[PDB]
file start_33.txt (compact mmCIF, N, CA and C atoms and all ligand atoms)
# COMPACT_ATOMS: atom_id res chain seq x y z
N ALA A 1 22.36 61.18 -152.25
CA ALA A 1 23.69 61.74 -151.93
C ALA A 1 24.75 60.63 -151.91
N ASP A 2 25.95 60.93 -152.41
CA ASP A 2 27.05 60.02 -152.66
C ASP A 2 28.29 60.36 -151.80
N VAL A 3 29.35 59.55 -151.91
CA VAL A 3 30.55 59.67 -151.07
C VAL A 3 31.21 61.05 -151.22
N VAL A 4 31.16 61.88 -150.17
CA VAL A 4 31.60 63.28 -150.25
C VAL A 4 33.12 63.41 -150.10
N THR A 5 33.69 62.78 -149.07
CA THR A 5 35.11 62.87 -148.71
C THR A 5 35.56 64.28 -148.29
N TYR A 6 35.73 64.49 -146.98
CA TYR A 6 36.35 65.70 -146.44
C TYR A 6 37.87 65.55 -146.44
N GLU A 7 38.54 66.38 -147.23
CA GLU A 7 39.99 66.44 -147.40
C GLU A 7 40.61 67.49 -146.46
N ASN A 8 41.45 67.05 -145.51
CA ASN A 8 41.91 67.86 -144.37
C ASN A 8 43.39 67.59 -144.13
N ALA A 9 44.14 68.55 -143.58
CA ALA A 9 45.59 68.44 -143.47
C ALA A 9 46.03 67.27 -142.57
N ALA A 10 45.15 66.84 -141.67
CA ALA A 10 45.39 65.71 -140.77
C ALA A 10 44.95 64.35 -141.36
N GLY A 11 44.48 64.32 -142.62
CA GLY A 11 44.04 63.09 -143.27
C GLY A 11 42.59 63.23 -143.71
N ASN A 12 42.24 62.75 -144.91
CA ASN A 12 40.85 62.80 -145.35
C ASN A 12 40.03 61.75 -144.59
N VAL A 13 38.71 61.91 -144.56
CA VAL A 13 37.90 61.26 -143.52
C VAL A 13 36.69 60.44 -144.01
N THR A 14 36.44 60.43 -145.33
CA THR A 14 35.41 59.60 -145.96
C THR A 14 33.99 59.78 -145.39
N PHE A 15 33.34 60.88 -145.82
CA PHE A 15 31.91 61.10 -145.63
C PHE A 15 31.08 60.23 -146.59
N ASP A 16 30.78 59.00 -146.16
CA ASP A 16 30.00 58.04 -146.91
C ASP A 16 28.50 58.38 -146.90
N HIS A 17 28.07 59.38 -147.67
CA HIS A 17 26.65 59.73 -147.68
C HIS A 17 25.77 58.56 -148.14
N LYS A 18 26.30 57.78 -149.08
CA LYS A 18 25.72 56.51 -149.51
C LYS A 18 26.15 55.33 -148.62
N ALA A 19 27.43 54.95 -148.60
CA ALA A 19 27.87 53.64 -148.10
C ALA A 19 27.50 53.37 -146.63
N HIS A 20 27.56 54.40 -145.78
CA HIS A 20 27.04 54.27 -144.42
C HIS A 20 25.51 54.11 -144.49
N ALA A 21 24.81 55.04 -145.15
CA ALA A 21 23.35 55.02 -145.32
C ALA A 21 22.79 53.66 -145.76
N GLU A 22 23.45 53.00 -146.72
CA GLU A 22 23.07 51.68 -147.24
C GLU A 22 22.85 50.65 -146.12
N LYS A 23 23.59 50.78 -145.01
CA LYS A 23 23.44 49.97 -143.81
C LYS A 23 22.59 50.68 -142.74
N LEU A 24 22.85 51.97 -142.52
CA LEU A 24 22.24 52.79 -141.47
C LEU A 24 20.76 53.13 -141.72
N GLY A 25 20.42 53.74 -142.86
CA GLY A 25 19.05 54.11 -143.23
C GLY A 25 18.70 55.61 -143.16
N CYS A 26 19.70 56.50 -143.31
CA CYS A 26 19.64 57.96 -143.18
C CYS A 26 19.33 58.42 -141.74
N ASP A 27 18.21 57.94 -141.18
CA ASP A 27 17.70 58.18 -139.84
C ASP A 27 18.80 58.24 -138.77
N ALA A 28 19.68 57.24 -138.80
CA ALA A 28 20.88 57.10 -137.98
C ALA A 28 21.72 58.38 -137.83
N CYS A 29 21.71 59.26 -138.84
CA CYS A 29 22.43 60.54 -138.83
C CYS A 29 21.48 61.75 -138.87
N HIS A 30 20.16 61.54 -138.93
CA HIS A 30 19.21 62.54 -139.36
C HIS A 30 17.80 62.29 -138.81
N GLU A 31 17.40 63.00 -137.75
CA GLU A 31 16.09 62.84 -137.14
C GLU A 31 14.93 63.29 -138.05
N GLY A 32 14.54 62.43 -138.99
CA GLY A 32 13.38 62.63 -139.86
C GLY A 32 13.63 63.63 -140.99
N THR A 33 14.01 64.86 -140.64
CA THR A 33 14.37 65.92 -141.59
C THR A 33 15.89 65.96 -141.78
N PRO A 34 16.45 65.41 -142.88
CA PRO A 34 17.87 65.52 -143.14
C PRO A 34 18.24 66.95 -143.54
N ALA A 35 19.41 67.42 -143.10
CA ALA A 35 19.85 68.80 -143.29
C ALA A 35 21.37 68.91 -143.08
N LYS A 36 21.96 70.04 -143.47
CA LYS A 36 23.41 70.21 -143.39
C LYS A 36 23.92 70.49 -141.97
N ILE A 37 24.15 69.40 -141.23
CA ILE A 37 24.81 69.40 -139.93
C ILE A 37 26.22 69.99 -140.06
N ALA A 38 26.55 71.03 -139.29
CA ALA A 38 27.90 71.59 -139.27
C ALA A 38 28.89 70.65 -138.58
N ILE A 39 29.89 70.18 -139.34
CA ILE A 39 30.96 69.31 -138.88
C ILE A 39 32.28 70.09 -138.81
N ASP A 40 33.05 69.89 -137.73
CA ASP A 40 34.36 70.50 -137.54
C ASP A 40 35.23 69.72 -136.54
N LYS A 41 36.41 70.28 -136.26
CA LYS A 41 37.40 69.73 -135.35
C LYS A 41 37.10 69.90 -133.85
N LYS A 42 35.83 70.07 -133.48
CA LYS A 42 35.28 69.72 -132.17
C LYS A 42 34.13 68.73 -132.38
N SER A 43 33.16 69.12 -133.21
CA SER A 43 31.91 68.40 -133.45
C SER A 43 32.18 66.92 -133.77
N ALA A 44 33.05 66.67 -134.75
CA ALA A 44 33.40 65.32 -135.20
C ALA A 44 34.24 64.51 -134.20
N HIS A 45 34.70 65.14 -133.11
CA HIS A 45 35.61 64.53 -132.14
C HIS A 45 34.92 64.31 -130.78
N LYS A 46 33.89 65.10 -130.48
CA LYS A 46 33.11 64.97 -129.26
C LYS A 46 32.10 63.82 -129.38
N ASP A 47 31.13 64.01 -130.28
CA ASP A 47 29.90 63.24 -130.29
C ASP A 47 29.39 62.93 -131.70
N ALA A 48 29.24 63.94 -132.57
CA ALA A 48 28.89 63.70 -133.97
C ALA A 48 29.87 62.70 -134.59
N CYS A 49 29.35 61.61 -135.17
CA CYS A 49 30.12 60.48 -135.72
C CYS A 49 30.78 59.65 -134.62
N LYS A 50 31.64 60.28 -133.81
CA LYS A 50 32.28 59.64 -132.68
C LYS A 50 31.32 58.79 -131.85
N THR A 51 30.28 59.34 -131.24
CA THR A 51 29.45 58.60 -130.28
C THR A 51 28.75 57.37 -130.87
N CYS A 52 28.40 57.39 -132.16
CA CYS A 52 28.03 56.15 -132.84
C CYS A 52 29.21 55.18 -132.81
N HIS A 53 30.34 55.59 -133.39
CA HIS A 53 31.59 54.83 -133.37
C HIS A 53 31.97 54.28 -131.96
N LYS A 54 31.82 55.08 -130.89
CA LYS A 54 32.01 54.68 -129.49
C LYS A 54 31.15 53.47 -129.11
N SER A 55 29.90 53.44 -129.61
CA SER A 55 28.90 52.43 -129.29
C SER A 55 28.65 51.50 -130.49
N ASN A 56 29.67 51.29 -131.33
CA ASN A 56 29.64 50.41 -132.49
C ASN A 56 30.97 49.64 -132.54
N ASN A 57 30.93 48.44 -133.10
CA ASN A 57 32.11 47.63 -133.38
C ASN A 57 32.89 48.21 -134.57
N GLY A 58 33.43 49.42 -134.40
CA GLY A 58 34.12 50.18 -135.45
C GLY A 58 35.29 51.01 -134.91
N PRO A 59 36.03 51.70 -135.79
CA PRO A 59 37.25 52.40 -135.42
C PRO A 59 36.97 53.68 -134.62
N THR A 60 37.94 54.11 -133.80
CA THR A 60 37.78 55.23 -132.86
C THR A 60 39.01 56.15 -132.77
N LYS A 61 40.22 55.58 -132.87
CA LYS A 61 41.50 56.30 -132.92
C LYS A 61 41.63 57.16 -134.19
N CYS A 62 42.39 58.26 -134.11
CA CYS A 62 42.65 59.21 -135.20
C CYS A 62 42.87 58.53 -136.55
N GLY A 63 43.94 57.73 -136.65
CA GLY A 63 44.32 57.01 -137.86
C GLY A 63 43.43 55.79 -138.19
N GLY A 64 42.27 55.67 -137.54
CA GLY A 64 41.18 54.78 -137.94
C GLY A 64 39.97 55.55 -138.49
N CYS A 65 40.06 56.89 -138.56
CA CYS A 65 39.05 57.75 -139.19
C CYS A 65 39.70 58.64 -140.26
N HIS A 66 40.84 59.26 -139.93
CA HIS A 66 41.69 59.95 -140.89
C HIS A 66 42.57 58.96 -141.68
N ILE A 67 42.63 59.12 -143.00
CA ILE A 67 43.65 58.50 -143.84
C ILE A 67 45.06 58.89 -143.36
N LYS A 68 46.04 58.01 -143.58
CA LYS A 68 47.44 58.19 -143.23
C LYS A 68 48.29 57.26 -144.10
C1 LIG B 101 25.85 60.32 -141.04
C2 LIG B 101 27.27 59.77 -141.14
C3 LIG B 101 25.20 60.61 -142.37
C4 LIG B 101 24.56 59.73 -143.20
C5 LIG B 101 24.74 58.23 -143.24
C6 LIG B 101 23.68 60.54 -144.00
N1 LIG B 101 23.96 61.83 -143.84
FE1 LIG B 101 23.13 63.31 -144.74
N2 LIG B 101 24.42 64.52 -143.88
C7 LIG B 101 25.30 64.17 -142.96
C8 LIG B 101 26.13 65.27 -142.58
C9 LIG B 101 27.25 65.21 -141.55
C10 LIG B 101 25.76 66.30 -143.39
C11 LIG B 101 26.51 67.61 -143.58
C12 LIG B 101 27.22 67.67 -144.93
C13 LIG B 101 27.99 68.99 -145.15
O1 LIG B 101 29.21 68.90 -145.41
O2 LIG B 101 27.35 70.06 -145.03
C14 LIG B 101 24.62 65.81 -144.14
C15 LIG B 101 23.91 66.56 -144.98
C16 LIG B 101 22.81 66.07 -145.59
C17 LIG B 101 21.90 66.91 -146.34
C18 LIG B 101 21.90 68.42 -146.48
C19 LIG B 101 22.32 68.95 -147.86
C20 LIG B 101 21.97 70.44 -148.01
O3 LIG B 101 20.78 70.72 -148.29
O4 LIG B 101 22.87 71.29 -147.79
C21 LIG B 101 20.91 66.08 -146.79
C22 LIG B 101 19.71 66.49 -147.62
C23 LIG B 101 21.25 64.76 -146.33
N3 LIG B 101 22.36 64.80 -145.60
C24 LIG B 101 20.50 63.69 -146.64
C25 LIG B 101 20.84 62.45 -146.26
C26 LIG B 101 20.07 61.29 -146.65
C27 LIG B 101 18.80 61.28 -147.47
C28 LIG B 101 20.74 60.20 -146.14
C29 LIG B 101 20.44 58.73 -146.39
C30 LIG B 101 20.67 58.32 -147.85
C31 LIG B 101 21.87 60.76 -145.43
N4 LIG B 101 21.88 62.09 -145.53
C32 LIG B 101 22.75 60.00 -144.77
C33 LIG B 101 25.48 62.99 -142.43
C34 LIG B 101 24.89 61.91 -142.90
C1 LIG B 102 36.06 60.11 -137.36
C2 LIG B 102 35.28 59.06 -136.55
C3 LIG B 102 37.09 61.00 -136.65
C4 LIG B 102 37.97 60.65 -135.67
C5 LIG B 102 38.05 59.37 -134.85
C6 LIG B 102 38.93 61.73 -135.60
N1 LIG B 102 38.61 62.70 -136.43
FE1 LIG B 102 39.63 64.32 -136.72
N2 LIG B 102 38.27 64.94 -138.02
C7 LIG B 102 37.17 64.27 -138.34
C8 LIG B 102 36.36 65.05 -139.24
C9 LIG B 102 35.00 64.69 -139.81
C10 LIG B 102 37.05 66.21 -139.49
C11 LIG B 102 36.49 67.32 -140.38
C12 LIG B 102 37.42 68.40 -140.97
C13 LIG B 102 37.70 69.59 -140.02
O1 LIG B 102 38.57 70.42 -140.36
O2 LIG B 102 37.15 69.60 -138.89
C14 LIG B 102 38.27 66.10 -138.70
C15 LIG B 102 39.25 67.01 -138.67
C16 LIG B 102 40.33 66.90 -137.89
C17 LIG B 102 41.39 67.88 -137.90
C18 LIG B 102 41.55 69.12 -138.76
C19 LIG B 102 42.57 68.99 -139.90
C20 LIG B 102 42.89 70.33 -140.57
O3 LIG B 102 43.19 70.30 -141.78
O4 LIG B 102 42.87 71.36 -139.83
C21 LIG B 102 42.30 67.47 -136.97
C22 LIG B 102 43.58 68.17 -136.57
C23 LIG B 102 41.80 66.21 -136.48
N3 LIG B 102 40.63 65.91 -137.04
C24 LIG B 102 42.49 65.52 -135.58
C25 LIG B 102 42.06 64.36 -135.12
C26 LIG B 102 42.81 63.62 -134.14
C27 LIG B 102 44.16 64.01 -133.56
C28 LIG B 102 42.06 62.51 -133.85
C29 LIG B 102 42.36 61.46 -132.79
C30 LIG B 102 42.40 62.04 -131.37
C31 LIG B 102 40.91 62.60 -134.73
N4 LIG B 102 40.94 63.71 -135.44
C32 LIG B 102 39.96 61.66 -134.76
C33 LIG B 102 36.80 63.06 -137.94
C34 LIG B 102 37.49 62.33 -137.05
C1 LIG B 103 26.56 55.32 -136.67
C2 LIG B 103 25.22 56.05 -136.57
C3 LIG B 103 27.72 55.98 -137.43
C4 LIG B 103 27.90 57.32 -137.68
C5 LIG B 103 26.98 58.46 -137.25
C6 LIG B 103 29.15 57.41 -138.41
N1 LIG B 103 29.67 56.20 -138.60
FE1 LIG B 103 31.36 55.80 -139.52
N2 LIG B 103 31.02 53.92 -139.33
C7 LIG B 103 29.99 53.37 -138.67
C8 LIG B 103 30.06 51.93 -138.78
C9 LIG B 103 29.12 50.90 -138.17
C10 LIG B 103 31.13 51.67 -139.58
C11 LIG B 103 31.55 50.30 -140.08
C12 LIG B 103 32.47 49.54 -139.11
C13 LIG B 103 32.97 48.21 -139.70
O1 LIG B 103 34.17 47.91 -139.50
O2 LIG B 103 32.15 47.54 -140.37
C14 LIG B 103 31.75 52.94 -139.85
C15 LIG B 103 32.90 53.04 -140.53
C16 LIG B 103 33.51 54.21 -140.75
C17 LIG B 103 34.80 54.33 -141.39
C18 LIG B 103 35.69 53.23 -141.94
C19 LIG B 103 35.75 53.18 -143.48
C20 LIG B 103 36.93 53.98 -144.09
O3 LIG B 103 36.66 54.94 -144.84
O4 LIG B 103 38.08 53.62 -143.76
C21 LIG B 103 35.09 55.67 -141.41
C22 LIG B 103 36.33 56.32 -141.97
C23 LIG B 103 33.94 56.32 -140.83
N3 LIG B 103 33.05 55.42 -140.40
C24 LIG B 103 33.84 57.65 -140.77
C25 LIG B 103 32.76 58.26 -140.27
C26 LIG B 103 32.65 59.70 -140.23
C27 LIG B 103 33.73 60.70 -140.60
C28 LIG B 103 31.41 59.97 -139.73
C29 LIG B 103 30.68 61.33 -139.66
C30 LIG B 103 31.29 62.54 -140.38
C31 LIG B 103 30.86 58.68 -139.38
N4 LIG B 103 31.68 57.69 -139.73
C32 LIG B 103 29.67 58.57 -138.78
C33 LIG B 103 29.01 53.98 -138.00
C34 LIG B 103 28.85 55.31 -138.02
call {"tool": "encode", "arguments": {"input": "start_33.txt", "output": "structure tokens", "more": "lines below"}}
Ligand code: HEC
Ligand code: HEC
Ligand code: HEC
result
Amino acid sequence: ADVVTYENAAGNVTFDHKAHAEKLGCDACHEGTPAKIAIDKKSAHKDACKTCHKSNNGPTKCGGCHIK
């Protein structure tokens, strides 16, 4: 799987299916069985993606995940 890119009115968000994985190892987003995790404007803001970002030397503010 390759760079998907979610295009949204608040800024596109770069779903790096490859580029994150190349460092992460799939596992990081996927407990053994990878599958289509539902992402939305709660999920992506509470814990999915966020909580890794919270506990990583990476961006966390809106305009550090959304393009602007
Ligand atoms: C966390 C940021 C991810 C990384 C890195 C990988 N995947 Fe992923 N995957 C992620 C999400 C949020 C989703 C949902 C995509 C959507 O818009 O629905 C997925 C989905 C998959 C799927 C399911 C595809 C389907 O059958 O509908 C697969 C098979 C999958 N991801 C595989 C996969 C592998 C092998 C990864 C390492 C190369 C990998 N993902 C990384 C989130 C993330
Ligand atoms: C990545 C680490 C994110 C951070 C930080 C923020 N957002 Fe986000 N947002 C993210 C994703 C993966 C998505 C998926 C698309 C969807 O519609 O849910 C979103 C989406 C939004 C949207 C919806 C835009 C639309 O066209 O309706 C909004 C309004 C939004 N995000 C706002 C938002 C704000 C204000 C943030 C800082 C508090 C913010 N997001 C951070 C991923 C990420
Ligand atoms: C850890 C398990 C992560 C998950 C889950 C997600 N991301 Fe991530 N992201 C992570 C790291 C360690 C980094 C690199 C930080 C650095 O500065 O080296 C990132 C980076 C991003 C970026 C920045 C690149 C860009 O396109 O500008 C974005 C936008 C980003 N991450 C988005 C993102 C989204 C939307 C996620 C799920 C839908 C997501 N990340 C998950 C670590 C992890």
call {"tool": "residues_near_ligand", "arguments": {"input": "start_33.txt", "ligand": "ligand LIG 101 (chain B)", "cutoff": "6.5 Å", "atoms": "all atoms listed in the file", "output": "number ranges by chain"}}
result
A: 1, 16-18, 20-22, 24-30, 34-39, 49
call {"tool": "atom_distance", "arguments": {"input": "start_33.txt", "atom1": "atom C of residue 19 of chain A", "atom2": "atom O1 of ligand LIG 102 (chain B)"}}
result
21.3 Å
call {"tool": "residues_around", "arguments": {"input": "start_33.txt", "residues": "segment 59-64 of chain A", "least_positions_apart": "5", "cutoff": "8 Å", "atoms": "all atoms listed in the file", "output": "number ranges by chain"}}
result
A: 10, 13, 50, 53-54
call {"tool": "write_last_selection", "arguments": {"input": "start_33.txt", "atoms": "N, CA and C atoms", "output": "compact mmCIF listing (two decimals), in the frame of the given file"}}
result
# COMPACT_ATOMS: atom_id res chain seq x y z
N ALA A 10 45.15 66.84 -141.67
CA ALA A 10 45.39 65.71 -140.77
C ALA A 10 44.95 64.35 -141.36
N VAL A 13 38.71 61.91 -144.56
CA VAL A 13 37.90 61.26 -143.52
C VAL A 13 36.69 60.44 -144.01
N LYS A 50 31.64 60.28 -133.81
CA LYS A 50 32.28 59.64 -132.68
C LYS A 50 31.32 58.79 -131.85
N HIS A 53 30.34 55.59 -133.39
CA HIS A 53 31.59 54.83 -133.37
C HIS A 53 31.97 54.28 -131.96
N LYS A 54 31.82 55.08 -130.89
CA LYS A 54 32.01 54.68 -129.49
C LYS A 54 31.15 53.47 -129.11
call {"tool": "atom_distance", "arguments": {"input": "start_33.txt", "atom1": "atom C3 of ligand LIG 102 (chain B)", "atom2": "atom CA of residue 23 of chain A"}}
result
19.0 Å
call {"tool": "axis_aligned_box", "arguments": {"input": "start_33.txt", "around": "ligand LIG 102 (chain B)", "padding_each_side": "6 Å", "output": "lines of an AutoDock Vina configuration file"}}
result
center_x = 39.6
center_y = 65.2
center_z = -136.6
size_x = 21.2
size_y = 24.3
size_z = 22.4
call {"tool": "atom_distance", "arguments": {"input": "start_33.txt", "atom1": "atom C of residue 8 of chain A", "atom2": "atom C16 of ligand LIG 102 (chain B)"}}
result
7.0 Å
call {"tool": "closest_residue", "arguments": {"input": "start_33.txt", "among": "A:33, A:68, A:57, A:40", "to": "ligand LIG 103 (chain B)", "atoms": "all atoms listed in the file"}}
result
A:57
call {"tool": "closest_residue", "arguments": {"input": "start_33.txt", "among": "A:51, A:15, A:65, A:2", "to": "ligand LIG 102 (chain B)", "atoms": "all atoms listed in the file"}}
result
A:65
call {"tool": "closest_residue", "arguments": {"input": "start_33.txt", "among": "A:46, A:11, A:67, A:52", "to": "ligand LIG 103 (chain B)", "atoms": "only C-alpha atoms and all ligand atoms"}}
result
A:52
call {"tool": "select_by_dssp", "arguments": {"input": "start_33.txt", "residues": "chain A", "states": "helix (DSSP H, G or I)", "output": "PDB file with N, CA and C atoms, keeping the file's coordinate frame"}}
result
ATOM      1  N   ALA A  21      24.810  55.040-145.150  1.00  0.00           N
ATOM      2  CA  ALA A  21      23.350  55.020-145.320  1.00  0.00           C
ATOM      3  C   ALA A  21      22.790  53.660-145.760  1.00  0.00           C
ATOM      4  N   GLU A  22      23.450  53.000-146.720  1.00  0.00           N
ATOM      5  CA  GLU A  22      23.070  51.680-147.240  1.00  0.00           C
ATOM      6  C   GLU A  22      22.850  50.650-146.120  1.00  0.00           C
ATOM      7  N   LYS A  23      23.590  50.780-145.010  1.00  0.00           N
ATOM      8  CA  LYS A  23      23.440  49.970-143.810  1.00  0.00           C
ATOM      9  C   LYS A  23      22.590  50.680-142.740  1.00  0.00           C
ATOM     10  N   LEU A  24      22.850  51.970-142.520  1.00  0.00           N
ATOM     11  CA  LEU A  24      22.240  52.790-141.470  1.00  0.00           C
ATOM     12  C   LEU A  24      20.760  53.130-141.720  1.00  0.00           C
ATOM     13  N   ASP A  27      18.210  57.940-141.180  1.00  0.00           N
ATOM     14  CA  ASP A  27      17.700  58.180-139.840  1.00  0.00           C
ATOM     15  C   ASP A  27      18.800  58.240-138.770  1.00  0.00           C
ATOM     16  N   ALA A  28      19.680  57.240-138.800  1.00  0.00           N
ATOM     17  CA  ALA A  28      20.880  57.100-137.980  1.00  0.00           C
ATOM     18  C   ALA A  28      21.720  58.380-137.830  1.00  0.00           C
ATOM     19  N   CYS A  29      21.710  59.260-138.840  1.00  0.00           N
ATOM     20  CA  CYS A  29      22.430  60.540-138.830  1.00  0.00           C
ATOM     21  C   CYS A  29      21.480  61.750-138.870  1.00  0.00           C
ATOM     22  N   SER A  43      33.160  69.120-133.210  1.00  0.00           N
ATOM     23  CA  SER A  43      31.910  68.400-133.450  1.00  0.00           C
ATOM     24  C   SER A  43      32.180  66.920-133.770  1.00  0.00           C
ATOM     25  N   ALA A  44      33.050  66.670-134.750  1.00  0.00           N
ATOM     26  CA  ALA A  44      33.400  65.320-135.200  1.00  0.00           C
ATOM     27  C   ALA A  44      34.240  64.510-134.200  1.00  0.00           C
ATOM     28  N   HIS A  45      34.700  65.140-133.110  1.00  0.00           N
ATOM     29  CA  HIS A  45      35.610  64.530-132.140  1.00  0.00           C
ATOM     30  C   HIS A  45      34.920  64.310-130.780  1.00  0.00           C
ATOM     31  N   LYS A  46      33.890  65.100-130.480  1.00  0.00           N
ATOM     32  CA  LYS A  46      33.110  64.970-129.260  1.00  0.00           C
ATOM     33  C   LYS A  46      32.100  63.820-129.380  1.00  0.00           C
ATOM     34  N   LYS A  50      31.640  60.280-133.810  1.00  0.00           N
ATOM     35  CA  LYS A  50      32.280  59.640-132.680  1.00  0.00           C
ATOM     36  C   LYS A  50      31.320  58.790-131.850  1.00  0.00           C
ATOM     37  N   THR A  51      30.280  59.340-131.240  1.00  0.00           N
ATOM     38  CA  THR A  51      29.450  58.600-130.280  1.00  0.00           C
ATOM     39  C   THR A  51      28.750  57.370-130.870  1.00  0.00           C
ATOM     40  N   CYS A  52      28.400  57.390-132.160  1.00  0.00           N
ATOM     41  CA  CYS A  52      28.030  56.150-132.840  1.00  0.00           C
ATOM     42  C   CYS A  52      29.210  55.180-132.810  1.00  0.00           C
ATOM     43  N   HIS A  53      30.340  55.590-133.390  1.00  0.00           N
ATOM     44  CA  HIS A  53      31.590  54.830-133.370  1.00  0.00           C
ATOM     45  C   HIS A  53      31.970  54.280-131.960  1.00  0.00           C
ATOM     46  N   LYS A  54      31.820  55.080-130.890  1.00  0.00           N
ATOM     47  CA  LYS A  54      32.010  54.680-129.490  1.00  0.00           C
ATOM     48  C   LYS A  54      31.150  53.470-129.110  1.00  0.00           C
ATOM     49  N   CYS A  62      42.390  58.260-134.110  1.00  0.00           N
ATOM     50  CA  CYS A  62      42.650  59.210-135.200  1.00  0.00           C
ATOM     51  C   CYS A  62      42.870  58.530-136.550  1.00  0.00           C
ATOM     52  N   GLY A  63      43.940  57.730-136.650  1.00  0.00           N
ATOM     53  CA  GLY A  63      44.320  57.010-137.860  1.00  0.00           C
ATOM     54  C   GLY A  63      43.430  55.790-138.190  1.00  0.00           C
ATOM     55  N   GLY A  64      42.270  55.670-137.540  1.00  0.00           N
ATOM     56  CA  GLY A  64      41.180  54.780-137.940  1.00  0.00           C
ATOM     57  C   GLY A  64      39.970  55.550-138.490  1.00  0.00           C
TER      58      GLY A  64
END
call {"tool": "closest_residue", "arguments": {"input": "start_33.txt", "among": "A:14, A:3, A:9, A:55", "to": "ligand LIG 102 (chain B)", "atoms": "only C-alpha atoms and all ligand atoms"}}
result
A:9
